[PDB]
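Read off the chains here:
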Amino acid sequence: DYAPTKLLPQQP
Amino acid sequence: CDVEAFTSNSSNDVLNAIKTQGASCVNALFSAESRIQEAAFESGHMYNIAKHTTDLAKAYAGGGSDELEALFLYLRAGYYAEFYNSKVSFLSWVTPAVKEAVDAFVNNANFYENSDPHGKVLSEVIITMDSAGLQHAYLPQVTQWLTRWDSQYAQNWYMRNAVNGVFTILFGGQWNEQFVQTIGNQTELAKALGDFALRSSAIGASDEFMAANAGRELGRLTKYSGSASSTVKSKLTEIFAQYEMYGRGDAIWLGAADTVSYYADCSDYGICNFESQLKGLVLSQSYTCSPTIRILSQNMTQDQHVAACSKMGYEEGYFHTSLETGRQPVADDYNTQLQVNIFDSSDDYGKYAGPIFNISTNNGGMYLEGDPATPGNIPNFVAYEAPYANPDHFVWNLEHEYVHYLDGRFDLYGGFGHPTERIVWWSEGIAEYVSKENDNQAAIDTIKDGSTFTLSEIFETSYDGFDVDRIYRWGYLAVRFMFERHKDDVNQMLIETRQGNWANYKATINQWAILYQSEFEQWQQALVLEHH
Amino acid sequence: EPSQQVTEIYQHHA
Ligand SMILES: [Ca+2]
Ligand SMILES: [Ca+2]
Ligand SMILES: [Ca+2]
Ligand SMILES: [Ca+2]
Ligand SMILES: [Zn+2]
């Protein structure tokens, strides 16, 4: 199943 | 941030909001209410914003761009909303404008810069290639990023994010007809992808996760045909020889083995039935608590084994006394000893548990009741250790999940899917009640926060939408209420659930929801007053 | 099924 990307992870 | 600024009819207004508020505010549009998404992601806005982004991307001079980060984030947020929101739809002239903007960034002389600021905007451009359905359009750039990658790029968090996006492109390309028809002819891409996966310097480094993703996407390429096939096969063969299923590089080996096994012939690679060998290697410890619980684990101390067995043993006794089971299982159930399979960490679970148990691992563990009537069925709880798990066993979700084994064997006829009426409230409520007993502050807190559920509502609970408050806290409250105030009713219900009379079970609890709602509310009042 | 740079450890069970 295909899902478009939400948020990319920021550096802590 | 001001999310309402993105709702203006004027595209210039929306452009100015994107520029002034920046990416961290544009983030809100992915999750905003439909009214906001419908206004922000009008076709005209997408087009006008893309046209502005094209000019700005052409002018880009390197070193990062807060505005371009926000603009590309907005554009692919629009495709996210278009996918999930039935009231967001793009006319056909939207995507060509977006492709023009991506082209402008790709063709800029600064495209391959190595820096965290550039990585922040580059990341959003690469993901837009997938979100906008442009997976067929940038394969030369995917290839260049794969071969250019090195230890200098790998120092930068946001360059890792950005180039990791090419694996999202390859995955999403499966649904793109032009991609499907051309990817199998991309010999240089296949070579670069395999050589990325084979880069020994990725092992144990910040970018190992990228090398593992490369191995998985390389194995996925076996589903296509074309001139690149022999290169795909050759590079996969080299992965399986260079690394191993348990040991150095096993994230890459297992990633490739996953997709090769699914899409290709495992016999072409010599990896058929690796999963059974892997189990013995990873879950190398065996500790039998008792005739009813055995632990297989990757790396636990003796003290952890002792603590896990005694905690489960205590829950086991409390369960059998509370549920008045007489330790008699339901009919057609021969799951005599729970197998508790514990990996050393969430990362190990994600790497090894999938192939060993044929499960998805995007979760916190899972209990597989299987088919209790079938000869040779094995009940398997699959879990991992974690630093913030409960002492002294430190096994994540152990105490709750263990009760599902007991409930499934002694209360609920059939396999997990047997019920023909909703039973989530009971299954999750009894797992919470047996494991936590009367210590549940979160359940107290949800009574007094302005939102409550009736018994009728609780009994209709499903996993759809995963309302954890409703499933776990209100399931607990209904179960605890029934045990304290109406235990004879619970015993009446169990006569029906234990033999699979689900319609009778529903008729039984329907009476509870009609009769007991006001008493349930008084019982909640007493819980809250005790807290005060 | 590609992994992001950060995955969550403390998830509910499946
Ligand atoms: Ca350990
Ligand atoms: Ca059962
Ligand atoms: Ca509440
Ligand atoms: Ca309500
Ligand atoms: Zn549960």
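Residues numbered from 1 in each chain as written, not as in the entry; some residues may be left out. Chains lettered and ligands numbered in written order. Heavy atoms only, no water.

**So, a nonpolar patch on the surface**
Phase 1 of the analysis: A surface patch of nonpolar side chains, amounting to about 290 Å² of accessible area, comprises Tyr47(B), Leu91(B) and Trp93(B).
Phase 2 of the analysis: Mapped onto the elements, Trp93(B) comes out in the loop between helix 5 (66-84) and helix 6 (94-106). (Patch = residues over 30% accessible without salt bridge, like charges linked within 9 Å, V, L, I, M, F, W, Y side chains within 5 Å. Areas by Shrake-Rupley, 256 points an atom, 1.4 Å probe, with all protein chains shown as cover. Salt bridge = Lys/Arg side-chain N within 4 Å of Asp/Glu carboxyl O. Helix = DSSP H or I, 4+ residues; strand = E, 2+ residues; numbered from the N terminus.)

**Thoughts on the state of the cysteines**
All names here are of chain B.
Phase 1 of the analysis: According to the stated counting rule, one finds 3 disulfides over all chains in the structure shown.
Phase 2 of the analysis: Disulfide partner of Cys1: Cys25, at an S-S distance of 2.0 Å. Classification of the bridge connecting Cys1 and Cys25 rests on its S-S torsion, roughly -75°, and on that basis the disulfide is left-handed. Separated by 24 residues along the polypeptide, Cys1 in the segment before helix 1 (11-21) and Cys25 in helix 2 (residues 23-26) bring together distant segments of the chain.
Phase 3 of the analysis: Disulfide pairing is shown between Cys289 and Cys309; the S-S distance is 2.0 Å. Taking the sign of the S-S torsion, -70° for the link of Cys289 and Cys309, the bridge is left-handed. (Disulfide = S-S within 2.5 Å.)

**Quick notes on the interface of chain B and chain C**
Phase 1 of the analysis: The interface is formed by 33 residues belonging to chain B together with 13 residues belonging to chain C.
Phase 2 of the analysis: Summing both sides of the interface, chain B and chain C together bury roughly 1,800 Å²; the carbon and sulfur share of this comes to 55%.
Phase 3 of the analysis: Run the count over chain B and chain C and you get 0 salt bridges.
Phase 4 of the analysis: The interface formed by chain B and chain C contains 16 residue pairs in polar contact.
Phase 5 of the analysis: For the side of chain B that touches chain C, the elements supplying multiple residues, two or more each, are helix 9 (157-172), helix 12 (208-220), helix 18 (398-410) and helix 22 (468-485) of chain B.
Phase 6 of the analysis: If you tally residues by element for the side of chain B that touches chain C, the top one is helix 9 of chain B, at 7 residues.
Phase 7 of the analysis: Considered class by class, the residues forming the side of chain B that touches chain C number 14 nonpolar, 12 polar and 7 charged. (Contact = heavy atoms within 4.5 Å. Buried area = accessible area lost by both parts, 1.4 Å probe. Polar contact = N/O pair within 3.5 Å; in protein donor to acceptor, adjacent residues only side chain to side chain. Nonpolar A, V, L, I, M, F, W, Y, C, P; charged D, E, K, R; others polar.)

**A word on the domain arrangement of chain B**
In many reports, interface size means the accessible area that the parts give up when they come together.
Residue and element names in this part refer to chain B.
Phase 1 of the analysis: Split by domain assignment, chain B resolves into domain 1 (1-134), domain 2 (136-271) and domain 3 (311-334 + 382-531).
Phase 2 of the analysis: Each of domain 1 and domain 2 was reduced to a C-alpha centroid, and the two centroids are 28 Å apart.
Phase 3 of the analysis: In this assembly, 21 residues from domain 1 lie in contact with 23 residues from domain 2.
Phase 4 of the analysis: Summed over both sides, the interface between domain 1 and domain 2 buries roughly 1,900 Å², with carbon and sulfur atoms accounting for 63% of that surface.
Phase 5 of the analysis: Inspection of the domain 1/domain 2 interface yields 0 salt bridges.
Phase 6 of the analysis: Summed over the shared surface of domain 1 and domain 2, the result is 12 residue pairs in polar contact.
Phase 7 of the analysis: For the side of domain 1 that touches domain 2, the secondary-structure elements that each account for two or more residues are helix 6 and helix 7 (116-131). (Domains from an automatic or database assignment.)

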